[PDB]
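Participant: Questions regarding the structure given below will be posed in turn.
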Amino acid sequence: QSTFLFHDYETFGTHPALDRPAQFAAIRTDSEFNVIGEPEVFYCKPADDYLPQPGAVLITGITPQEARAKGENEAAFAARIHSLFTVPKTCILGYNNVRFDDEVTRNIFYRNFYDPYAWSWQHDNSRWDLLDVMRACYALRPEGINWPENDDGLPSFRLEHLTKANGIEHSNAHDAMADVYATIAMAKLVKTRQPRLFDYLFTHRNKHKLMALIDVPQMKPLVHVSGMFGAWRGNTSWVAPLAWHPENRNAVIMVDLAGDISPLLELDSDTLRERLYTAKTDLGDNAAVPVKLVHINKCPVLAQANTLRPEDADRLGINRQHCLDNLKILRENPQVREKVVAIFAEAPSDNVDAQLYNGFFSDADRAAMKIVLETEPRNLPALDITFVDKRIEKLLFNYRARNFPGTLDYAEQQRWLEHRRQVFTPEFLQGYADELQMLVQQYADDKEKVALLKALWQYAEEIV
DNA sequence: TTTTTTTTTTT
């Protein structure tokens, strides 16, 4: 039988490729989300070349020390996660996971000699994200479920706010599992209150399932939901697919039909290209370019035209007319599509860890890495295999120097400290201080928080 | 199998 898999991370920072993980959580589930298997949780040892960015530690409450003690080396952290995720017929998911938690999962596998995509592709493996489903469910069919309004009075879509607003427990928040359960809790709330909707979002999660909606030459008007539209509009507005992104066929070029199209008609690409790369403030007394890219491969909420009903669009405030007129004009303008699609025809990182998306690895290397996966820590020095990619030869030096310091050789050991020297440069460390200071000054009142700010400096000493 | 500015989200 096919299964879901609700997972969650706790990291030492936002950026997946640079900031490292700290904790993991996961639960296997059936077609109706009921709890199969043993709840799995590990910790990840932070290597001797990285300092957690305070903000992460303050909100997680998880110090590196704790992780160094409780946790396994990143290789095992990967392996153990890879082994859960490689299970066939699985829909691996979480909250914001596609935007975040999964990326980490990629960079981990990338770092530790694995396929960072296969886990959500090979042997009938898919993925999903409830965050969009919440926004959608509020936007279109909010019957039954509660949604919390903020200070100003706009709907929140935090897990911590949605849980407390739906009876689900979230004492001990930002605790790997506590989320993973409270994450499942919502799926059963959406399959209950609007399975009508749920199955729609679900079945159309896959790439090939989305093309059904996207009619490009004729520009069929679809309903879309992203946080990018913002809470003020209920994260919703109709869109018309102009074209497939020139340099990235995983992206479709859409038009916000709720906005003011005229710029598209009354400017050239090189201005529009400036006007959409213009920020929300310095676009002064003008209109904003109502264009956006929807990425098909990222479980986007795409629905059929009439899905959004007059009962809903009135509740929200989106102006049916404007979107139609604008469509009429867009279909009556076969050159809007000309420049807009030109815009996206203008095309680099230095650190190997962030060098994930430099294409893919050739079948020659795919083997060569899988063979490095066979080699026991002993023989990594010994084995002679040729590599096409320059990224691997680098990755292998780090891989050993973090996960297996015992394997290091007299020279390597001193190259590693010379790396650590280039990493931990005086002023760079000073920053860390200024930050810790400023924060402890900010969070001076609290003792339990400061307790961490202390520990991070303690860590920042001994590690250096 | 893959990636500048919206907006909100997770750590």
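To be explicit about the labels: the chains of the structure tokens are called A, B, and onward in the order shown, and within each one the residues are counted from 1, while ligands get numbers from 1 in the order they are shown.
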Skipping near chain neighbours, those fewer than 6 positions away, what residues fall within 8 Å of residue 2 of chain B using only C-alpha atoms (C1' of nucleotides), listed as an MDAnalysis selection string?

Facilitator: chainID A and resid 357:360

Participant: Write out as a PyMOL selection string all residues of segment 303-456 of chain A that backbone DSSP assigns to alpha helix (DSSP H).

Facilitator: chain A and resi 310-316+320-331+336-343+363-374+390-403+410-423+426-442+447-456

Participant: Pick the closest to residue 4 of chain B from A:454, A:331, A:275, A:28: which is it, counting only C-alpha atoms (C1' of nucleotides)?

Facilitator: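 Of A:454, A:331, A:275, A:28, the one nearest residue 4 of chain B, counting only C-alpha atoms (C1' of nucleotides), is A:275.
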
Participant: With only C-alpha atoms (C1' of nucleotides) considered, list every residue of chain A at most 6 Å from chain B, as a PyMOL selection string.

Facilitator: chain A and resi 11+13-14+56+117+227-228+230+276-277+357

Participant: Write down as a list in words the residues of segment 265-456 of chain A whose backbone DSSP state falls under strand (DSSP E).

Facilitator: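 The strand (DSSP E) residues within segment 265-456 of chain A come out as residues 291, 292, 293, 294, 295, 301, 302, 303 and 304 of chain A.
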
Participant: For segment 194-203 of chain A, list every protein, DNA or RNA residue within 8 Å, evaluated using only C-alpha atoms (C1' of nucleotides), and leave out those in the same chain fewer than 5 positions away; present the list as a VMD selection string.

Facilitator: chain A and resid 128 133 137 141 143 209 301 to 302

Participant: Restricted to N, CA and C atoms, what would the selected residues look like written as a CSV table (one decimal), in the first residue's frame?

Facilitator:
```
chain,number,residue,atom,x,y,z
A,128,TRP,N,4.5,16.9,-1.2
A,128,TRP,CA,3.3,17.8,-1.0
A,128,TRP,C,3.7,18.8,0.1
A,133,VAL,N,-2.2,24.5,1.1
A,133,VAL,CA,-3.5,23.9,1.2
A,133,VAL,C,-4.3,24.7,2.3
A,137,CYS,N,-7.6,26.5,1.3
A,137,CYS,CA,-8.8,26.1,2.0
A,137,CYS,C,-9.5,27.4,2.7
A,141,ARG,N,-12.7,27.5,0.3
A,141,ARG,CA,-13.7,26.8,1.1
A,141,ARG,C,-13.4,26.7,2.6
A,143,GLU,N,-15.3,26.6,5.2
A,143,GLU,CA,-16.4,26.1,5.9
A,143,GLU,C,-15.9,25.1,7.0
A,209,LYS,N,0.2,16.5,-13.9
A,209,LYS,CA,-1.2,16.8,-13.5
A,209,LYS,C,-1.6,18.3,-13.6
A,301,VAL,N,-0.8,25.8,-5.9
A,301,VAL,CA,-2.3,25.7,-5.9
A,301,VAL,C,-2.8,26.3,-7.2
A,302,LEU,N,-3.0,25.4,-8.2
A,302,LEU,CA,-3.6,25.8,-9.5
A,302,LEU,C,-5.0,25.2,-9.6
```

Participant: Quote the spacing between atom CA of residue 317 of chain A and atom CA of residue 305 of chain A in Å to one decimal place.

Facilitator: 16.6 Å
